[PDB]
């Protein structure tokens, strides 16, 4: 009905989309249409019950889905993911370098209704990263890493006013107040530095 159901077509009809880089009966790996890092993918369950379950509920009470998703990411999709990353970053990056530069998690408050796990590089260098909320949502407790212990899931209390905070580089700790454009330029430098040291 609304924009919030936009991801639905990927799990209904993955055979129709070239940016669906993997599908089977259970899951779909699709490119993020508005990548917030050089590589940004979404792993979606095709299970019609679970797809509408809130990610925090998934983390709390659906561990078997959580384990399955992790199995895909470390297993049958790992080669695929490393290749996407090498194409998006550099061919000269090894699996080990890439593995330490990739994060996997749910947003604590999704906008899209179909459950989707973000798998993305750490750089946050991207034209689609256009505002502070974008950046903060992937670099704060709002981003719930897939290996978060259940007792440490973020709470309504801990998330309060999170998008209003000063901008901080995830890599070196430097602060930028609310100067989003300054952060952007800094992220670019951080990426060039990391790339040059990693190739």
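Numbering follows the first chain given and starts at 1.
A.B. asks: Please report whether at least a third of the other compared entries leave residue 158 without coordinates.
C.D. replies: Residue 158: unmodelled in a third or more of the comparison entries.
A.B. asks: For the C-alpha atoms alone, is the average B factor greater in 70-78 or in 125-133, going by the entry?
C.D. replies: Comparing averages over the C-alpha atoms only gives 125-133.
A.B. asks: Quick check on the record: does 31-39 or 158-166 carry the larger mean Cα temperature factor?
C.D. replies: It is 158-166.
A.B. asks: Sorting by Cα B-factor within the chain, modelled residues only, which third would residue 110 end up in: lowest, middle or highest?
C.D. replies: Its C-alpha B-factor, which the entry lists for residue 110, ranks in the highest third among residues of this chain.
A.B. asks: Comparing against every modelled residue in the chain, figure out the third that the C-alpha B-factor of residue 172 lands in (lowest, middle or highest).
C.D. replies: Highest third.
A.B. asks: Lowest, middle or highest third: where is residue 180 by C-alpha B factor in its chain?
C.D. replies: As the PDB entry reports it, the C-alpha B-factor of residue 180 lands in the highest third of its chain.
A.B. asks: Classify residue 24 as lowest, middle or highest third according to the C-alpha B-factor given in the PDB entry, relative to its own chain.
C.D. replies: CA B-factor rank for residue 24: lowest third.
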